[PDB]
């Protein structure tokens, strides 16, 4: 039985979720070429509004954030208007939705923004090329200056202000999976020797500046953050990264966020440097609402939540395979298994 998944969950004084099930953020690359959400995306999200909370696909904050084709933005008026169609439709169906705000950092590709500079904490190139694209080889990033950093914080904040007009309930800051914010938090990507590098305090500075700037625009109750304390998504591991997160997590607790959300693919994996699973590490170092994710079934998520391992469950691949995920779980019905072939269709 997975009855506890259907518990009402009060995130805070501003937001109460009708159940504990989140739709995980899932990049689909189906926006129009000007990165405006389509009416097909409106339908896609609307039919998943039985989720207690939808986290949108990663949504870019400005042009040099783009690393994959046709990923939506939220920096133009047209993009804002497209998103407002999405959020209105979700709300009309009794749902709630946060936008996931993205900058890909060194994982951006200049093909998408007219040959400009790829930006990152340090000039450390990742291996390879953009998935499902013809020969878009990753390039050496420019190490951002302090002025670049100030502009990036400004642009995260502006994107968050835009979320109000776009009608979202809030923002999940994409601090995970080796993208820009996560690049500051890990030693592979952050080799800086200024006030943004070296020490746990310095390496956490960019993340906390973005969190605080966004809180200043939309409030702590409407602000969540995804993190990846481990590596292994466009990120080489480093035994020193854990102490960054040991510092960051209590600092985040001070902000009384809507939630912290782990960004991994299989939470059954034990990470050497975290002394165990990602969720158990975060749970040991962070005492507020926590969203677990990664290869959970409704049954294993329910048990984890009953065991106080985390509070909310994000479901990704099954939500692609099963738009009616929540109803099927509610009715104890068979779920279709996900396959990558499903990514070709937006349903």
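So that the term is clear: the rigid core is the largest set of C-alpha atoms that superpose within 1.5 Å between two forms. Residue numbers count along the first chain shown, from 1.
- With every structure aligned by its rigid core, 132-140 is the stretch of 73-81 and 132-140 whose CA positions lie farther away in 6 other deposited structures of this protein.
- Each structure in 6 other deposited structures of this protein is fitted to the shown form on the rigid core, and of 229-237 and 98-106 the C-alphas lie farther away on average for 229-237.
- Taking the mean C-alpha B-factor of each stretch as recorded, 27-35 and 274-282 are not equal, and the higher mean is that of 274-282.
- Remark: stretch with higher mean C-alpha B factor among 336-344 and 2-10 is 2-10.
- Residues shown: 317, 309, 288, 62. Highest C-alpha temperature factor in the entry: 309.
- When the C-alpha B factors of 55, 293, 321, 298 are read from the deposited coordinates, the top value falls at 298.
- When all modelled residues of the chain are sorted by CA temperature factor, residue 189 is found within the lowest third.
- Residue-level temperature factors show residue 305 in the highest third of its chain, judged at the C-alpha atom.
- Placement of the Cα temperature factor of residue 108 within the chain: lowest third of the modelled residues, per the deposited record.
- For residue 250, the recorded CA temperature factor ranks within the highest third of the chain's modelled residues.
- Per-chain ranking of the deposited C-alpha B factor places residue 231 in the highest third.
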